[PDB]
Structures are given as C-alpha cells and as structure tokens.
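> Below: the sequence, then the experimentally determined structure.
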Amino acid sequence: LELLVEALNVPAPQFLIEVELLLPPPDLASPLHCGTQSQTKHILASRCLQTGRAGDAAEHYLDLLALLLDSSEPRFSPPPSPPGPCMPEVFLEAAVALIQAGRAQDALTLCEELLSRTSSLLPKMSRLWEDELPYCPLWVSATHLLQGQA
Amino acid sequence: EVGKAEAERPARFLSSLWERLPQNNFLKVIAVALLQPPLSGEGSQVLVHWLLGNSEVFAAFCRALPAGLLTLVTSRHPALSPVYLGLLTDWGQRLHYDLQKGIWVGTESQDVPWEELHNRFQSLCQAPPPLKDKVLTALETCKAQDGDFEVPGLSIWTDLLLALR
C-alpha cells in the first residue's frame, strides 16, 4: 500500500471502435476499482490502525487530513466514498490513533477543530436545561468521549 | 394567658396539643400565627422556641406546607433560616440521578421530588436580599463540597443552580 500511494501520485481517443469503448466502467466488487491516492491513503491508515501500529497510523491520518483540508489551490484530492466513513469519522479515527500513540495533546486539537468547524450544526443544548426528541449525530457525542480519554 | 399564668410552660401545652388534635391543620395554623402582627409578638416568640426545640414537628412543618408561606415565615424569623436550609440540604443528598430519564429521584417513596425541591429553592431565591445570599452561599458551599463540577449528572446542587438561571 505504501508503494501504491506513490504510484497513484503520478497522473489517445482514436476515431475507431476499440475495446475500451465497449468495456463497462467497473463496480466496487471488481478487482479493478482503484480509487484516488486519498481514497487509498485512508486504506493504509485504517489497516495500520486495525493491526496495532497506531504511531504509523497517526502519521498517515495527519497526512490524509493535510491532503483533504489543504486542498484549495492544486487539483482536488477527494475524501473516501459514502460506503466508507463520513468526514467526521475520519477525524475521530485520527484522534483514536493519536491516543494509542501517546499524542493526546494533539488528539484534543483534532477534536477542538472538528467542533469549531461544525459549531453552526451542533444543537444549542438548551434541551440540557429543559430536562429522545432532539437531534444530535453520533459523532458529536463520540468527539467528547475521545476528548475525555485524552 | 398561659404566659401571664406562668404555672406550666407554654411548650408543654403545645406538645400536648400536638398529640391531641389533627397535625396537618395545626401546622398551617402555627404558620399563620407566626405572621399575624402583635395586638397586646411574644406568641410567635414562643412558637419559634418550641419549634427549634422540637425537630420532629419541623420535619413535617417544612414538608407539608407550600413554598411562599415557609419563605415569608423564614424571612420574618431569621432564627428558622439556618435550620430550614439544613433540612433541604439533607433531602437533596438522598437523591440519585438516572441517565435514561433526565430527572433526579429518591430511593424511598417519601423522599422529596425534584419539582417540589426546585419550587422551594425558587421561592427562597424570590425573596428579600437577607435570605437570598444565605441560600445561595449554602448551595455553593454544598456544590464545592461534592466536587466543583459545572455540568449535569453529577451534583444535584449544580443542577439546582443551573435551573434557577
């Protein structure tokens, strides 16, 4: 996977009927689905964290977030697809990795930046005073959880 | 008339009354007599001594009556204030918080609920300033005594002070 990332780092239509024109675009079950560098850097980081190499996984995840959020000028690097994790879940995974590494003072800055960026979405927690009905997505709760273990 | 007689002390008459006649009625009547202005306040002055002497009646005094009556009583007689907060302070401490329903509750059925206790503290806070600072300090000193948290689920006293605002 380390090699595959570096491989994907690098980026004619003939007036004729060739094979490529007839072959179908591939599915997700296929072995010929290969997403972009970002969608594979996430595979590397996920598989590095599932095994217990959390230090390496932390560096991989911070590299991933650098790609995703420092993407303004150059050609775009997309996030994983919506079979995989949503964009907050990525931050959470990053912070879990940084906890297991021993970088809790960075696992707090992750979580702070996530809640900063989604403030306008968070509920106003006035139901906190009035005490099932209101709405809060799991990742807000999970953020406070990791923020605690840190 | 018993005071002028001086044969037996008033407290003995009142204690006998307490056994003899209906308690719920009697307590409302004491509460009311504590506030009638003098006409000859030696009467009220006797009942405060009797109540502070007898703790058991004062347990049901503060428990049975409504909020504003106790508030006016306590503001009229500062000698009843430090004990009344002490009675309330002990009733909170024997509650427990359940996470599924966002409500403090008691173990035993005769433990004062959240709503009644909130009503009492709200009445005490909506009062003259001489008692507001007293109750407020008694709540803060009991909050810090049980961890100086600023978040609900951990301290009944934090939850009170949150609900007052």
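Good, I have the coordinates. Numbers count the residues shown, from 1 in each chain, chains lettered A, B, ... in the order given.
> near chain B, which residues of chain A?
A:128, A:129, A:131 (CB under 8 Å from any CB of the partner chain). Any C-beta I mention is one placed from the backbone N, CA and C, and that applies to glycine too.
> Can you tell me, leaving aside adjacent residues, what's nearest to the last one?
Going back to what we said before, that points to residue A:131. Leaving aside its chain neighbours, residue A:131 sits nearest to residue B:102 (3.3 Å; criterion: CB to CB, 6 or more residues apart in numbering or on different chains).
> same question, the first one
Leaving out its chain neighbours, the residue that sits closest to residue A:128 by CB to CB, 6+ apart is residue B:152, at 6.6 Å.
> so who does the spatially most central residue of chain A touch?
Nearest residue to the geometric centre of chain A (CA atoms, centre = their mean): residue A:90, 3.5 Å. By CB atoms under 8 Å, 6 or more residues apart in numbering or on different chains, residue A:90 lies in contact with A:42, A:61, A:64, A:65, A:68, A:79, A:80.
> Residue B:91 too?
Contacts for residue B:91 (CB under 8 Å, 6+ apart) come out as B:111, B:112, B:117.
> rewinding a little: of the residues of chain A next to chain B, which belong to helices?
Among those, DSSP state H puts A:128, A:129 in helices.
> The closest residue to chain B within chain A: neighbouring residues, count only.
Nearest to chain B in chain A, going by CB to the nearest CB, is residue A:131, at a distance of 3.3 Å. Using other CB atoms under 10 Å in any protein chain shown, residue A:131 has 11 neighbouring residues.
> Ok, the one 4 residues further on next?
Other residues within reach of residue A:135 by the criterion other CB under 10 Å amount to 5.
> on that earlier part again, quick one: which of the contacts of residue A:90 is most hemmed in?
Using other CB under 10 Å as the neighbour test, the contacts of residue A:90 are led by residue A:61, with 27 neighbours.
> pretty sure that residue is touching residue A:92, no?
No. Contact criterion CB atoms under 8 Å: residue A:61 and residue A:92 do not qualify, at 10.2 Å.
> Report the set of residues contacting both of these two.
Contacts common to residue A:61 and residue A:92, judged by CB under 8 Å, 6+ apart, are absent.
> still on that earlier bit, now the residue nearest to residue A:128: phi and psi?
phi -80, psi 150 (degrees, to the nearest 10).
> what do you get for residue A:79?
Torsion angles, degrees, to the nearest 10, at residue A:79: phi -90, psi 170.
> Would you agree the residue nearest to residue A:128 is in contact with residue B:158?
Yes. Assessed by CB under 8 Å, residue B:152 is found in contact with residue B:158 at 6.6 Å.
> Against which helices or strands is the helix or strand that contains residue B:13 packed?
Applying DSSP states H and E as the criterion places residue B:13 in helix B:10-20. Applying 3 or more CB pairs under 8 Å, 6 or more residues apart in numbering or on different chains; DSSP states H and E, one finds that helix B:10-20 contacts helix B:2-5, helix B:42-53.
> how does it look with 6 Å?
Applying 3 or more CB pairs under 6 Å, 6 or more residues apart in numbering or on different chains; DSSP states H and E, one finds that helix B:10-20 makes contact with helix B:42-53.
> how about the helix it packs on: buried residues?
With burial defined by 16 or more other CB atoms under 10 Å in any protein chain shown, the residues of helix B:42-53 counted as buried are B:44, B:46, B:47, B:48, B:50, B:51.
> again, but for stretch B:29-38
Neighbour-count burial for stretch B:29-38 [16+ other CB under 10 Å]: B:30, B:31, B:34.
> can you list contacts of it?
B:44, B:47, B:65, B:69, B:73 (CB atoms under 6 Å, 6 or more residues apart in numbering or on different chains).
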